[PDB]
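Participant: My structure file input09.cif, mmCIF, C-alpha atoms and all ligand atoms, is below:
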```
data_work
loop_
_atom_site.label_atom_id
_atom_site.label_comp_id
_atom_site.auth_asym_id
_atom_site.auth_seq_id
_atom_site.Cartn_x
_atom_site.Cartn_y
_atom_site.Cartn_z
CA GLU Y 3 -62.17 -0.86 29.57
CA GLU Y 4 -60.02 -3.92 28.93
CA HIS Y 5 -62.17 -5.78 26.38
CA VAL Y 6 -65.39 -5.59 24.40
CA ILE Y 7 -67.43 -8.43 22.96
CA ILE Y 8 -70.18 -7.51 20.54
CA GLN Y 9 -72.89 -9.66 18.99
CA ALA Y 10 -73.60 -7.65 15.85
CA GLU Y 11 -76.53 -8.17 13.52
CA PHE Y 12 -77.98 -6.48 10.47
CA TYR Y 13 -80.81 -6.94 8.00
CA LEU Y 14 -80.93 -5.02 4.74
CA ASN Y 15 -83.81 -4.25 2.37
CA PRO Y 16 -84.54 -4.73 -0.50
CA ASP Y 17 -81.54 -7.07 -0.76
CA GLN Y 18 -82.95 -9.27 2.02
CA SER Y 19 -79.44 -9.74 3.36
CA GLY Y 20 -78.98 -10.51 7.04
CA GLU Y 21 -75.76 -11.07 8.97
CA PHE Y 22 -74.90 -12.36 12.46
CA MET Y 23 -71.45 -12.25 14.08
CA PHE Y 24 -69.43 -11.89 17.28
CA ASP Y 25 -66.64 -9.30 17.55
CA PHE Y 26 -63.86 -9.27 20.15
CA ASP Y 27 -61.95 -5.99 20.42
CA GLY Y 28 -62.47 -5.43 16.69
CA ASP Y 29 -61.72 -8.94 15.37
CA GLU Y 30 -64.28 -11.42 14.18
CA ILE Y 31 -64.73 -14.45 16.45
CA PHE Y 32 -67.24 -16.12 14.14
CA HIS Y 33 -70.22 -15.48 11.91
CA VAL Y 34 -73.20 -17.60 10.96
CA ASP Y 35 -73.62 -18.65 7.36
CA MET Y 36 -77.39 -18.10 7.02
CA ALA Y 37 -77.87 -20.17 3.86
CA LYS Y 38 -75.96 -23.15 5.24
CA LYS Y 39 -77.17 -22.53 8.82
CA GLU Y 40 -73.59 -23.05 9.99
CA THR Y 41 -71.23 -21.44 12.46
CA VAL Y 42 -68.04 -20.26 10.71
CA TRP Y 43 -65.12 -19.60 13.04
CA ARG Y 44 -62.70 -16.90 11.85
CA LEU Y 45 -59.70 -18.96 12.91
CA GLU Y 46 -60.21 -22.74 12.76
CA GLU Y 47 -58.68 -23.25 16.19
CA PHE Y 48 -61.58 -21.39 17.81
CA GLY Y 49 -64.03 -24.21 17.08
CA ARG Y 50 -61.98 -26.66 19.14
CA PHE Y 51 -62.56 -24.57 22.29
CA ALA Y 52 -66.10 -23.27 21.78
CA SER Y 53 -69.34 -24.03 19.98
CA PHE Y 54 -72.34 -22.03 18.81
CA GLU Y 55 -75.79 -23.27 17.83
CA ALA Y 56 -76.24 -21.51 14.46
CA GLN Y 57 -80.02 -21.93 14.55
CA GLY Y 58 -80.33 -19.27 17.25
CA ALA Y 59 -78.92 -16.62 14.93
CA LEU Y 60 -81.73 -17.34 12.48
CA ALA Y 61 -84.38 -16.38 15.05
CA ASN Y 62 -82.72 -13.01 15.75
CA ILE Y 63 -82.40 -12.17 12.06
CA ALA Y 64 -86.11 -12.87 11.62
CA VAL Y 65 -86.91 -10.36 14.36
CA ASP Y 66 -84.50 -7.82 12.83
CA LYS Y 67 -86.23 -8.20 9.49
CA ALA Y 68 -89.61 -7.60 11.14
CA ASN Y 69 -88.19 -4.63 13.09
CA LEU Y 70 -86.79 -3.09 9.89
CA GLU Y 71 -90.32 -3.17 8.39
CA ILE Y 72 -91.61 -1.33 11.44
CA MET Y 73 -88.81 1.28 11.56
CA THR Y 74 -88.96 1.94 7.83
CA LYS Y 75 -92.64 2.95 8.13
CA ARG Y 76 -91.96 4.91 11.31
CA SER Y 77 -89.23 6.86 9.45
CA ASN Y 78 -91.69 7.55 6.61
CA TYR Y 79 -89.55 5.39 4.29
CA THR Y 80 -86.39 7.51 4.72
CA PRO Y 81 -83.68 5.51 2.93
CA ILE Y 82 -80.04 5.11 3.86
CA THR Y 83 -77.52 7.65 2.68
CA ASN Y 84 -74.68 5.98 0.79
CA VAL Y 85 -71.25 6.34 2.35
CA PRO Y 86 -68.48 5.31 -0.04
CA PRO Y 87 -65.47 3.27 1.25
CA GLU Y 88 -61.85 4.13 1.86
CA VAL Y 89 -59.73 1.48 0.20
CA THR Y 90 -56.20 0.47 1.05
CA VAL Y 91 -54.01 -2.26 -0.39
CA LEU Y 92 -51.06 -3.61 1.61
CA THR Y 93 -49.06 -6.83 2.11
CA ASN Y 94 -49.16 -8.73 5.37
CA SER Y 95 -45.32 -8.97 5.51
CA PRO Y 96 -42.28 -7.27 3.92
CA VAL Y 97 -42.02 -8.20 0.27
CA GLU Y 98 -39.18 -10.36 -0.94
CA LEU Y 99 -38.95 -11.52 -4.56
CA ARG Y 100 -40.33 -15.01 -5.07
CA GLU Y 101 -41.22 -15.31 -1.39
CA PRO Y 102 -44.93 -16.18 -0.94
CA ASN Y 103 -46.84 -13.21 0.49
CA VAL Y 104 -50.44 -12.01 0.79
CA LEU Y 105 -52.09 -8.89 -0.57
CA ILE Y 106 -54.77 -7.36 1.66
CA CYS Y 107 -57.49 -5.09 0.34
CA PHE Y 108 -59.02 -3.19 3.21
CA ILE Y 109 -62.43 -1.63 2.46
CA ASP Y 110 -63.47 0.73 5.25
CA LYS Y 111 -66.00 3.31 6.56
CA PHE Y 112 -68.86 2.54 4.23
CA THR Y 113 -72.58 1.77 4.15
CA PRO Y 114 -74.82 0.01 3.13
CA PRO Y 115 -72.99 -3.36 3.54
CA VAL Y 116 -72.96 -4.20 -0.17
CA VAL Y 117 -69.81 -4.09 -2.26
CA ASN Y 118 -68.30 -5.69 -5.39
CA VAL Y 119 -64.61 -6.41 -4.97
CA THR Y 120 -62.33 -7.73 -7.69
CA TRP Y 121 -58.61 -8.52 -7.59
CA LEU Y 122 -56.78 -7.59 -10.80
CA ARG Y 123 -53.39 -8.95 -11.94
CA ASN Y 124 -52.06 -7.03 -14.96
CA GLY Y 125 -55.58 -5.73 -15.55
CA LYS Y 126 -57.18 -9.17 -15.43
CA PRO Y 127 -59.62 -10.56 -12.81
CA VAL Y 128 -58.09 -13.26 -10.64
CA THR Y 129 -59.96 -15.60 -8.34
CA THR Y 130 -57.44 -18.36 -7.64
CA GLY Y 131 -56.79 -18.49 -3.91
CA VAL Y 132 -58.75 -15.37 -3.00
CA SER Y 133 -60.68 -15.17 0.26
CA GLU Y 134 -62.70 -12.56 2.12
CA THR Y 135 -64.36 -11.65 5.39
CA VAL Y 136 -68.01 -10.88 6.02
CA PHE Y 137 -69.06 -7.29 6.69
CA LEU Y 138 -67.51 -6.15 9.94
CA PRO Y 139 -69.09 -3.56 12.28
CA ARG Y 140 -67.53 -0.20 13.11
CA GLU Y 141 -68.06 1.84 16.28
CA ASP Y 142 -69.57 4.54 14.10
CA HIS Y 143 -71.94 1.86 12.78
CA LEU Y 144 -70.54 1.91 9.27
CA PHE Y 145 -68.80 -1.24 8.01
CA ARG Y 146 -65.40 -2.58 6.96
CA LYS Y 147 -64.29 -5.65 5.07
CA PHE Y 148 -61.15 -7.55 4.06
CA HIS Y 149 -60.20 -9.30 0.84
CA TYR Y 150 -57.05 -11.41 0.49
CA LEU Y 151 -54.89 -12.57 -2.39
CA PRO Y 152 -51.95 -14.91 -1.82
CA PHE Y 153 -49.31 -14.15 -4.42
CA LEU Y 154 -45.73 -14.67 -5.55
CA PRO Y 155 -44.07 -11.26 -5.82
CA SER Y 156 -42.35 -10.56 -9.16
CA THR Y 157 -41.19 -7.55 -11.13
CA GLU Y 158 -43.54 -8.62 -13.93
CA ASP Y 159 -46.91 -8.28 -12.17
CA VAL Y 160 -48.95 -5.32 -11.00
CA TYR Y 161 -52.08 -5.61 -8.90
CA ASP Y 162 -55.17 -3.55 -8.21
CA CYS Y 163 -58.03 -4.00 -5.84
CA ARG Y 164 -61.20 -2.81 -7.55
CA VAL Y 165 -64.12 -1.78 -5.38
CA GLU Y 166 -67.64 -0.93 -6.56
CA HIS Y 167 -70.11 0.69 -4.17
CA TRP Y 168 -73.31 2.72 -4.66
CA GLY Y 169 -71.72 5.71 -2.95
CA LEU Y 170 -69.02 5.81 -5.64
CA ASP Y 171 -69.41 7.49 -9.07
CA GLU Y 172 -66.85 5.15 -10.59
CA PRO Y 173 -65.20 1.96 -9.40
CA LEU Y 174 -62.28 2.65 -7.07
CA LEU Y 175 -58.99 1.06 -8.02
CA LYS Y 176 -56.15 0.85 -5.56
CA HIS Y 177 -52.82 -0.16 -6.99
CA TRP Y 178 -49.95 -2.25 -5.76
CA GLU Y 179 -46.64 -3.11 -7.36
CA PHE Y 180 -43.17 -4.29 -6.35
CA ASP Y 181 -41.07 -1.27 -5.14
CA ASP Z 2 -79.53 -0.57 -9.03
CA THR Z 3 -80.67 2.81 -7.74
CA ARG Z 4 -83.43 1.40 -5.49
CA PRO Z 5 -83.36 2.91 -1.97
CA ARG Z 6 -81.88 0.77 0.81
CA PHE Z 7 -83.07 0.38 4.38
CA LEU Z 8 -80.89 -1.04 7.14
CA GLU Z 9 -81.57 -2.38 10.62
CA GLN Z 10 -78.70 -3.07 13.03
CA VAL Z 11 -78.53 -4.57 16.48
CA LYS Z 12 -75.50 -4.66 18.71
CA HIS Z 13 -75.46 -6.55 22.00
CA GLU Z 14 -72.33 -5.29 23.73
CA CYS Z 15 -70.42 -6.60 26.73
CA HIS Z 16 -67.83 -4.27 28.21
CA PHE Z 17 -65.28 -5.74 30.59
CA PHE Z 18 -63.07 -3.91 33.09
CA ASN Z 19 -60.47 -5.86 35.09
CA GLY Z 20 -61.54 -9.28 33.88
CA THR Z 21 -65.16 -9.82 34.87
CA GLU Z 22 -64.82 -7.79 38.08
CA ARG Z 23 -66.75 -4.95 36.50
CA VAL Z 24 -69.07 -5.60 33.55
CA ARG Z 25 -71.44 -3.41 31.49
CA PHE Z 26 -74.08 -4.65 29.04
CA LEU Z 27 -75.63 -2.62 26.19
CA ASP Z 28 -78.58 -3.80 24.06
CA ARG Z 29 -78.44 -1.31 21.09
CA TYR Z 30 -80.84 -0.94 18.13
CA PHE Z 31 -80.08 1.00 14.91
CA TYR Z 32 -81.94 2.29 11.84
CA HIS Z 33 -79.29 2.94 9.13
CA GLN Z 34 -76.49 4.43 11.36
CA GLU Z 35 -78.86 6.00 13.90
CA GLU Z 36 -79.15 4.40 17.34
CA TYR Z 37 -82.82 4.82 18.32
CA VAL Z 38 -83.21 2.84 21.56
CA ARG Z 39 -80.89 1.09 24.04
CA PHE Z 40 -80.78 -0.92 27.24
CA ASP Z 41 -77.83 0.07 29.47
CA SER Z 42 -77.14 -2.27 32.44
CA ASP Z 43 -76.15 0.88 34.36
CA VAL Z 44 -79.81 1.93 34.15
CA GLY Z 45 -81.76 -1.33 34.01
CA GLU Z 46 -84.36 -0.09 31.56
CA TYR Z 47 -84.61 0.79 27.89
CA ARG Z 48 -84.26 4.50 27.01
CA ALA Z 49 -85.12 6.17 23.68
CA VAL Z 50 -82.00 7.66 22.06
CA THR Z 51 -84.00 9.46 19.40
CA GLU Z 52 -87.74 10.08 18.98
CA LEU Z 53 -87.87 7.12 16.62
CA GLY Z 54 -87.22 4.76 19.54
CA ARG Z 55 -89.78 6.11 22.06
CA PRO Z 56 -92.53 3.62 21.22
CA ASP Z 57 -90.14 0.68 21.69
CA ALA Z 58 -88.70 2.05 24.97
CA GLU Z 59 -92.22 2.34 26.46
CA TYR Z 60 -93.34 -0.99 25.09
CA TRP Z 61 -90.24 -2.92 26.15
CA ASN Z 62 -90.11 -1.34 29.61
CA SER Z 63 -93.69 -2.56 30.18
CA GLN Z 64 -92.45 -6.16 29.87
CA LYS Z 65 -91.04 -7.16 33.26
CA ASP Z 66 -89.84 -10.60 32.11
CA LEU Z 67 -87.95 -9.00 29.24
CA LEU Z 68 -86.29 -6.43 31.48
CA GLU Z 69 -85.15 -9.13 33.91
CA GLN Z 70 -83.69 -11.09 31.00
CA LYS Z 71 -81.72 -7.97 30.04
CA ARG Z 72 -80.81 -7.12 33.65
CA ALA Z 73 -79.22 -10.53 34.17
CA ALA Z 74 -77.20 -10.38 30.92
CA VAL Z 75 -74.00 -9.14 32.59
CA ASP Z 76 -73.99 -12.54 34.30
CA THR Z 77 -75.76 -14.98 32.00
CA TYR Z 78 -74.43 -13.52 28.76
CA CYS Z 79 -71.37 -11.30 29.21
CA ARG Z 80 -69.56 -13.08 32.07
CA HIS Z 81 -70.57 -16.40 30.56
CA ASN Z 82 -69.24 -15.75 27.05
CA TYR Z 83 -66.09 -14.18 28.42
CA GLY Z 84 -65.49 -17.44 30.27
CA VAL Z 85 -66.09 -19.41 27.08
CA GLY Z 86 -63.65 -17.47 24.89
CA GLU Z 87 -61.03 -16.30 27.39
CA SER Z 88 -58.34 -18.84 26.43
CA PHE Z 89 -58.21 -17.80 22.76
CA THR Z 90 -59.17 -14.14 22.90
CA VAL Z 91 -58.24 -12.39 26.17
CA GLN Z 92 -55.17 -14.65 26.58
CA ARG Z 93 -54.20 -14.63 22.89
CA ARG Z 94 -50.54 -13.65 22.51
CA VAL Z 95 -48.65 -13.69 19.20
CA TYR Z 96 -45.06 -12.44 18.94
CA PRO Z 97 -44.14 -9.72 16.47
CA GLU Z 98 -41.73 -10.39 13.60
CA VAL Z 99 -39.35 -7.47 13.26
CA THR Z 100 -37.61 -6.55 10.02
CA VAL Z 101 -35.41 -3.52 9.28
CA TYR Z 102 -34.84 -2.34 5.71
CA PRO Z 103 -33.71 0.95 4.13
CA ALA Z 104 -35.98 3.01 1.90
CA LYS Z 105 -36.20 6.35 0.08
CA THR Z 106 -38.44 9.36 0.75
CA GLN Z 107 -38.13 10.48 -2.86
CA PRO Z 108 -37.23 8.47 -5.98
CA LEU Z 109 -33.63 8.96 -7.29
CA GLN Z 110 -32.50 10.19 -3.86
CA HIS Z 111 -30.09 8.13 -1.76
CA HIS Z 112 -31.40 5.93 1.09
CA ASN Z 113 -32.83 8.30 3.69
CA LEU Z 114 -35.48 6.23 5.42
CA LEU Z 115 -35.13 3.32 7.84
CA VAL Z 116 -38.18 1.12 8.05
CA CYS Z 117 -38.91 -0.96 11.13
CA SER Z 118 -41.48 -3.49 10.01
CA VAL Z 119 -43.35 -5.14 12.85
CA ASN Z 120 -45.62 -7.95 11.65
CA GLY Z 121 -48.02 -10.59 12.82
CA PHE Z 122 -48.46 -9.58 16.46
CA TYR Z 123 -51.43 -9.79 18.84
CA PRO Z 124 -52.85 -7.95 20.70
CA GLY Z 125 -52.56 -4.48 19.19
CA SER Z 126 -50.86 -2.52 21.98
CA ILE Z 127 -47.25 -1.98 20.99
CA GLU Z 128 -44.49 0.56 21.45
CA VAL Z 129 -41.82 0.95 18.82
CA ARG Z 130 -38.82 3.24 19.32
CA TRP Z 131 -35.73 4.08 17.29
CA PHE Z 132 -32.17 4.38 18.56
CA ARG Z 133 -29.00 5.73 16.96
CA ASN Z 134 -25.83 4.56 18.71
CA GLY Z 135 -27.71 3.89 21.96
CA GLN Z 136 -29.60 7.19 22.03
CA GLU Z 137 -33.34 7.27 21.45
CA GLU Z 138 -34.12 9.16 18.28
CA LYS Z 139 -37.44 10.94 18.63
CA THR Z 140 -37.28 13.32 15.65
CA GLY Z 141 -38.25 12.39 12.11
CA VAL Z 142 -40.32 9.36 13.10
CA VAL Z 143 -43.41 8.62 11.04
CA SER Z 144 -45.64 5.53 11.04
CA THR Z 145 -48.48 3.73 9.31
CA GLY Z 146 -50.03 3.58 12.75
CA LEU Z 147 -51.56 0.33 14.03
CA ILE Z 148 -52.92 -1.81 11.19
CA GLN Z 149 -55.43 -4.60 11.74
CA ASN Z 150 -54.94 -7.42 9.19
CA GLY Z 151 -58.40 -8.85 9.83
CA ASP Z 152 -57.06 -12.28 10.81
CA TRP Z 153 -56.28 -11.69 14.50
CA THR Z 154 -52.89 -10.17 13.77
CA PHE Z 155 -51.66 -6.62 13.54
CA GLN Z 156 -48.74 -4.98 11.79
CA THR Z 157 -47.15 -1.55 11.84
CA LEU Z 158 -44.36 0.25 9.99
CA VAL Z 159 -42.26 2.70 11.93
CA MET Z 160 -39.97 4.78 9.83
CA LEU Z 161 -37.02 6.94 10.80
CA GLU Z 162 -36.05 9.77 8.45
CA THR Z 163 -32.28 9.87 8.68
CA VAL Z 164 -29.15 10.03 6.54
CA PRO Z 165 -27.15 6.92 7.50
CA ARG Z 166 -23.44 7.47 7.99
CA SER Z 167 -20.86 4.67 7.78
CA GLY Z 168 -20.31 3.08 11.18
CA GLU Z 169 -23.67 4.12 12.64
CA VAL Z 170 -25.72 1.42 14.29
CA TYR Z 171 -29.47 1.92 14.38
CA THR Z 172 -31.74 -0.06 16.66
CA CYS Z 173 -35.43 -0.67 16.44
CA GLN Z 174 -36.88 -1.56 19.84
CA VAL Z 175 -40.25 -3.22 20.33
CA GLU Z 176 -42.28 -3.58 23.52
CA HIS Z 177 -45.43 -5.73 23.51
CA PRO Z 178 -47.50 -7.71 26.06
CA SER Z 179 -46.33 -11.01 24.60
CA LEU Z 180 -42.71 -10.13 25.43
CA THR Z 181 -41.01 -10.24 28.84
CA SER Z 182 -38.25 -7.88 27.66
CA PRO Z 183 -37.73 -5.48 24.72
CA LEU Z 184 -37.09 -6.97 21.31
CA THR Z 185 -34.25 -5.13 19.53
CA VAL Z 186 -33.09 -5.33 15.92
CA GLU Z 187 -29.94 -3.65 14.64
CA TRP Z 188 -29.16 -2.18 11.26
CA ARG Z 189 -25.68 -1.04 10.19
CA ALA Z 190 -24.65 1.31 7.42
CA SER X 1 -68.24 -24.86 25.67
CA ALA X 2 -71.30 -23.09 24.26
CA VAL X 3 -71.40 -19.40 23.35
CA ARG X 4 -74.79 -17.92 24.31
CA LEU X 5 -76.67 -15.31 22.29
CA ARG X 6 -78.62 -12.37 23.39
CA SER X 7 -82.20 -12.01 22.07
CA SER X 8 -83.21 -9.24 19.72
CA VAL X 9 -86.47 -7.70 20.88
CA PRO X 10 -89.52 -7.49 18.56
CA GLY X 11 -90.55 -3.88 18.09
CA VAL X 12 -93.93 -2.31 18.75
CA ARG X 13 -96.71 -2.30 16.12
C1 LIG V 201 -93.30 11.03 9.60
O1 LIG V 201 -94.57 11.51 9.24
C2 LIG V 201 -95.40 11.85 10.36
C3 LIG V 201 -96.74 12.23 9.79
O2 LIG V 201 -97.27 11.19 8.98
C4 LIG V 201 -94.74 12.96 11.19
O3 LIG V 201 -95.53 13.27 12.34
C5 LIG V 201 -93.31 12.56 11.58
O4 LIG V 201 -92.67 13.66 12.21
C6 LIG V 201 -92.53 12.11 10.33
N1 LIG V 201 -91.20 11.63 10.66
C7 LIG V 201 -90.09 12.35 10.49
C8 LIG V 201 -90.28 13.75 9.99
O5 LIG V 201 -88.97 11.89 10.73
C1 LIG V 202 -72.44 -5.63 -8.12
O1 LIG V 202 -72.63 -6.17 -9.43
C2 LIG V 202 -73.99 -6.53 -9.73
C3 LIG V 202 -73.97 -7.19 -11.08
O2 LIG V 202 -73.41 -6.32 -12.06
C4 LIG V 202 -74.85 -5.27 -9.70
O3 LIG V 202 -76.21 -5.59 -9.98
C5 LIG V 202 -74.74 -4.60 -8.34
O4 LIG V 202 -75.42 -3.35 -8.38
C6 LIG V 202 -73.27 -4.35 -7.97
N1 LIG V 202 -73.17 -3.84 -6.61
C7 LIG V 202 -72.48 -2.74 -6.29
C8 LIG V 202 -72.48 -2.37 -4.84
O5 LIG V 202 -71.89 -2.08 -7.14
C1 LIG V 203 -59.27 -6.05 39.93
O1 LIG V 203 -59.25 -7.46 40.17
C2 LIG V 203 -58.54 -7.84 41.36
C3 LIG V 203 -58.67 -9.34 41.47
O2 LIG V 203 -60.04 -9.71 41.34
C4 LIG V 203 -59.08 -7.12 42.60
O3 LIG V 203 -58.18 -7.34 43.69
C5 LIG V 203 -59.23 -5.63 42.38
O4 LIG V 203 -59.94 -5.04 43.46
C6 LIG V 203 -59.97 -5.35 41.07
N1 LIG V 203 -60.08 -3.92 40.84
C7 LIG V 203 -61.25 -3.26 40.83
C8 LIG V 203 -61.15 -1.77 40.60
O5 LIG V 203 -62.32 -3.82 41.02
#
```
Let me see whether you can do it: turn the structure in this file into structure tokens.
Ligand SMILES: *[C@@H]1O[C@H](CO)[C@@H](O)[C@H](O)[C@H]1NC(C)=O
Ligand SMILES: *[C@@H]1O[C@H](CO)[C@@H](O)[C@H](O)[C@H]1NC(C)=O
Ligand SMILES: *[C@@H]1O[C@H](CO)[C@@H](O)[C@H](O)[C@H]1NC(C)=O

Facilitator:
Amino acid sequence: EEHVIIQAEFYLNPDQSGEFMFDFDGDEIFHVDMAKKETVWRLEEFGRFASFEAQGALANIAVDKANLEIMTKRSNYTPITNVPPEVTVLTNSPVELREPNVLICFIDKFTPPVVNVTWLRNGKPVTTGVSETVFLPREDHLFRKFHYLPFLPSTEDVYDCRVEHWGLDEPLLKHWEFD
Amino acid sequence: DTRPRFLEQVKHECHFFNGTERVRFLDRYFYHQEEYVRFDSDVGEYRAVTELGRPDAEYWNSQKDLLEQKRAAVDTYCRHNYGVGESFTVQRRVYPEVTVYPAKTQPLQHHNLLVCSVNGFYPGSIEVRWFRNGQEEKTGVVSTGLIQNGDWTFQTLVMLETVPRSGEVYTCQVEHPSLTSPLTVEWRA
Amino acid sequence: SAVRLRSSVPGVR
């Protein structure tokens, strides 16, 4: 095949979390912010060429929630087995001292779609400028996710991406430093 | 929080071959990671994938209006959405940035690794090859593989294990759909 | 223009 477009949905109990998104060849086209009832395009340019009525996503998620109730009973309340993530930290371009760059924390091959992710600079939580994706679908029906931290590379700072997940016995820290 | 979790997933998939010349639609339902029932446009009906999905397959197949909605999806859904997004997805082309820098396989040791860093490109299909004085070097090449950055760009590092000698010219060559001819970057010892 | 969505089907029982 040349291309695949997937409308991917999930609903999770008891968290009552539901997600709705479109995937093109593995990249997110958009997702719907359920609380705001708004379409969020992954790249801003996308919304100049296309539109999506966010309300429609809400109807599907309601059905998925009702279907989960049905399937849970049918399965005799067999719960999900936790699958802990693989975590990788990398930069999006070659690092040059005092040249603005971005750290990427890639959290992969896990389920359920619930994770706590923290960026650490010299052992301290940082939130300035951070961003993140929603939960992204995998062909094996696990999930992946991205977290981003713009930063100014220096010999004086070390970074870690810290990931907590129910499939992990301890939080997973993945380190990055200059060199 | 040790409370048990329960997950429902749905994936409505459109598979395209040669533009919209050939199209396949899949309506897929999941409990945790287990697909239990699906509609395949190749078949035109729902089929249970596991025993868990049998009641839904029989129930859904008894609804003629529903099946016709699903049977038309290759046109009204897949071909339609492809048309909507084609200019910024199918036709998306972003050039790679190519950087060459030396590295070390083991600390303390002299420079014995040449890194060809290929960044920011789209789509993912790329071919990166190393050359030493005009000859392709196929031994000692290791890579990160293709890395998705999550923002509609890819990157990859392609490393050549080699001991640079004075005078040698190394070339990293990159082929990609966005290019009309190979992109080459030289590095001299 | 407008992206269309595919319906999710209500299950039995
Ligand atoms: C759930 O329980 C029923 C009996 O109440 C049984 O027939 C069925 O096989 C069970 N589901 C399983 C084992 O997945
Ligand atoms: C995230 O943190 C909250 C608050 O401490 C906690 O209740 C929850 O269990 C955590 N989630 C994961 C996946 O570790
Ligand atoms: C691919 O598309 C072109 C143009 O529509 C057509 O000539 C060709 O027959 C198509 N190939 C197949 C296998 O359908």

Participant: Please compute the atom CA of residue 71 of chain Z-atom CA of residue 41 of chain Y distance, one decimal, in Å.

Facilitator: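 Pair atom CA of residue 71 of chain Z / atom CA of residue 41 of chain Y returns 24.5 Å.
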
Participant: What lies within 9 Å of segment 114-127 of chain Z using all atoms listed in the file, ignoring chain neighbours under 3 positions off, as number ranges by chain?

Facilitator: Y: 94-96; Z: 91, 93-106, 131, 147-150, 153-165, 171, 173-179, 186, 188

Participant: So that I can see what lies close to residue 134 of chain Z, please list as a ChimeraX atom specification the residues with an atom at most 9 Å from it, counting only C-alpha atoms and leaving out residues fewer than 6 positions away in the same chain.

Facilitator: /Z:169-172

Participant: So which one's closest to ligand LIG 203 (chain V), Y:142, Y:86, Y:3, Y:126? Using all atoms listed in the file, please.

Facilitator: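 Smallest separation from ligand LIG 203 (chain V) among the options: Y:3.
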
Participant: Name each residue within 12 Å of ligand LIG 202 (chain V), counting all atoms listed in the file, as a PyMOL selection string.

Facilitator: (chain Y and resi 17+84-87+112-120+164-174) or (chain Z and resi 2-6)

Participant: Find the residues of chain Y in contact range of chain Z, meaning any atom within 6 Å when counting all atoms listed in the file, and list them as a list in words.

Facilitator: residues 3, 4, 5, 6, 7, 8, 9, 10, 11, 12, 13, 14, 15, 70, 81, 82 and 143 of chain Y

Participant: Residues of chain Y within 12 Å of chain X, counting all atoms listed in the file - could you list those as a PyMOL selection string?

Facilitator: chain Y and resi 7-12+22-24+31-32+41+48-76

Participant: Show me, as lines of an AutoDock Vina configuration file, the centre and edge lengths in Å to one decimal of the axis-aligned box that covers every listed atom of ligand LIG 201 (chain V) with 6 Å on each side.

Facilitator:
```
center_x = -93.1
center_y = 12.4
center_z = 10.7
size_x = 20.3
size_y = 14.7
size_z = 15.4
```

Participant: Have a look at atom CA of residue 136 of chain Z and atom CA of residue 112 of chain Z and let me know their distance in Å, one decimal.

Facilitator: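 Answer for the atom CA of residue 136 of chain Z to atom CA of residue 112 of chain Z separation: 21.1 Å.
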
Participant: I'd like the interatomic distance between atom CA of residue 124 of chain Y and atom CA of residue 88 of chain Y, to a tenth of an Å.

Facilitator: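 Going from atom CA of residue 124 of chain Y over to atom CA of residue 88 of chain Y, I get 22.4 Å.
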
Participant: Please provide the set of residues having any atom within 8 Å of segment 64-70 of chain Z, restricted to all atoms listed in the file, with same-chain residues fewer than 3 positions apart removed, written as a short mmCIF file (atom, residue, chain, number, x, y, z; two decimals) with C-alpha atoms, in the coordinates of the input.

Facilitator:
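Once everything was written out, this is out.cif:
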```cif
data_model
loop_
_atom_site.label_atom_id
_atom_site.label_comp_id
_atom_site.auth_asym_id
_atom_site.auth_seq_id
_atom_site.Cartn_x
_atom_site.Cartn_y
_atom_site.Cartn_z
CA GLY Z 45 -81.76 -1.33 34.01
CA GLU Z 46 -84.36 -0.09 31.56
CA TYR Z 60 -93.34 -0.99 25.09
CA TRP Z 61 -90.24 -2.92 26.15
CA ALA Z 73 -79.22 -10.53 34.17
CA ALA Z 74 -77.20 -10.38 30.92
#
```
